[PDB]
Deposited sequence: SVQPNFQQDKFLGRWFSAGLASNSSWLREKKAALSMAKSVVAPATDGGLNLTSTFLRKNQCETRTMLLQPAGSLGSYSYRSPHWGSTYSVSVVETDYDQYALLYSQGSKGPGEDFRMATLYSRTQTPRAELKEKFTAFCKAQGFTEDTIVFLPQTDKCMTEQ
């Protein structure tokens, strides 16, 4: 589902990409070949969000920005294949669990769960929450991974 009573303003700011689960080997491999620094969530010039991710690739700092357009309900967004992105659960000041699925085109084959943490190294219980969520969503244990982090690029 989507986080009930989702408050976008409390979801803004700095998050760390701590955990990932995907049914795409290509995407898993791509993400694992990098080191995550931080992500920043900010309101876009429309009712959606800009998600700016900073990471290290071959010792080079890089950034990518993703526009998450509103999808007609709070906590639900769209990214253009087209993908649905949902904030399924969050307490705003510790963690957020995101879920993405293709909604149009070949991307429909694609599913991804993400654990965002307000701290770069998340508590063990946060990791358990994520694993439990991924298992509930039909991800195999081997696809549930915690991404390499970097202190650089901050």
Per the record, deposited positions without any C-alpha are 81 to 85, 160 to 162
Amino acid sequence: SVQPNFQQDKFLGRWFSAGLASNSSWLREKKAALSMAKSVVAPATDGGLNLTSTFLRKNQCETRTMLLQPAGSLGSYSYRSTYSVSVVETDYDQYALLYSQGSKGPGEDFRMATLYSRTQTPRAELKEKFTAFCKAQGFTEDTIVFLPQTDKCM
From here on, numbers count along this sequence of modelled residues.
Of 2 to 10 vs 145 to 153, the stretch with the larger average CA B-factor in the entry is 145 to 153
Between 66 to 74 and 44 to 52, the record assigns the higher mean Cα B factor to 44 to 52
Top Cα B-factor in this entry, restricted to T121, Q101, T114, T90, sits on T121
Assert third(CA B-factor, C61) within chain per record equals middle
Of the three thirds of Cα B-factor ranks in this chain, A21 occupies the lowest
Split the chain's modelled residues into thirds by Cα B-factor; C134 lands in the lowest
Sorting the chain's modelled residues by C-alpha B-factor and splitting them into thirds places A33 in the highest
